[PDB]
C-alpha cells in the first residue's frame, strides 16, 4: 500500500508542459489558445502524435473530443479514462486543463516504462471547448458525451463572429467520425490545478476532490435608446450602459450576500454603439453565478432576475435575459475519492478534502461513470491569468496520485 516504485517521470511531464506552453505563448508568459483556433489544432496534433508514439490508438468523436487509448488485457473491457482540456482563456495559464491532459499522457508513458499490463484499457481524453469562452457555455462537449446536451446543440454554439463549433471542428480537421458518448466507462479521474488558494495556503500537496460546486450562467441584453450625450435631457434618457453597470454592481452584491461560498461575476460586456458622445442604446453582458448548495444558487438566480427587472423598469430598458447554462453541485464517486486519497497516502503526500470551485469535464462524466478528481495547488491560487503557476513538486505529485488511482481501478478484474 506504500510501494512507490511505480511512479511518474516528473521531468518528462514538466518538459511536456513547457513544450505545449509554447503553443499560443503570450509575452506575459501565459497561453492564449482559444478552442478550435489553429493554435488549439496544433496542441491537439502534437499530443495525438505523442500518444501514438506511446502505443495509443486514437479516435475523434463528433464533438472533436480526442480519445487516446492504451489497450488492456481484456479487449472489450470498459476503459478507465482520464483527461482534461487543451484550450485556454485569452488570459490563460500554462497549467489549467493542459496539466490533466499531459498528466494522462505521462501515466501512459509510465505504464509503458514499467511494463504494466492493465485489465481495463486506459484512455486519455482531450475534451473540446471546455472553457466556454469563445463559444459558450463551458463543458459542452463532455456534456454531449454524458447525455446532458444533444449533439446538435453542441455543434451550433457560436463565437462572437457567428462561427459555430461544428464549422470550426471541420476547419481544423477534428470533425470526428465516432459517436459522441454511448460507451460505458469503468471509471474516470481528472487531474487539475486547484485554481484557488486553499491547498497552497494550508501546505497541502494533494486535494482529494469530493464535490464540485454548481453554476448558473446568463446572457442579458438591455435595449434603451441611443441619443446625443449632450442635449438629451438627463431625466428622459434610456441609457443601457447605466442599466448594465447597475447590474454589475448588483451581481457583486449578490455574490457577497451569499458569503462565504457564493461566487458572482460579470466578465463579458459589449456596448453599442460604443461611441463616447452617444448614450449607449444596447448593452450585452454575461452573469456567472456559483455556489456549492443548489438552493442557495437558486436564491441567487431569483435575486438576479428580480433586481434586473427593477433596474430596467426604473430606467425604461427592454430586457432579454437567458440562463444559458446550469448544473447542480455534484458529489464525486466515493470509491474514486477513496482511491485518490489512498494514492496520496501511498506516497506520503499531505492532503485534504476539497470542493472544486471551477467546472470540469469530470463534472459531466460523474453523471455517467464513477468519477472523481485530483487537485494540486497553484501559486497564490490564481488562474485565468497568464501568471498562473505551479511548482515541479506539485506537478509530479498530482501525476503520481493520478497514476495510482487509475491503476487501482484499471487493474480490477473484469
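Numbering follows the first chain given and starts at 1.
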Selected stretch [higher average CA B-factor]: 209 to 217 or 70 to 78
70 to 78
Entry-level comparison of average CA B-factors, 129 to 137 and 150 to 158, reporting the higher stretch:
150 to 158
Checking the entry, which one of 190, 288, 226, 177 has the top C-alpha B factor?
177
By the entry's C-alpha temperature factors, tell me which of 386, 45, 361, 380 sits highest.
380
Third of the chain's Cα B-factor distribution that residue 40 belongs to, per the entry:
lowest
Relative C-alpha B-factor of residue 273, binned into the chain's lowest, middle or highest third
lowest
Chain thirds by Cα B factor, record data; residue 242 belongs to the lowest
State the tercile, meaning the lowest, middle or highest third, of residue 34 with respect to the CA B-factors recorded for its chain.
middle
Taking the chain's C-alpha temperature factors as the reference, tell me which third residue 399 falls into: lowest, middle or highest.
middle
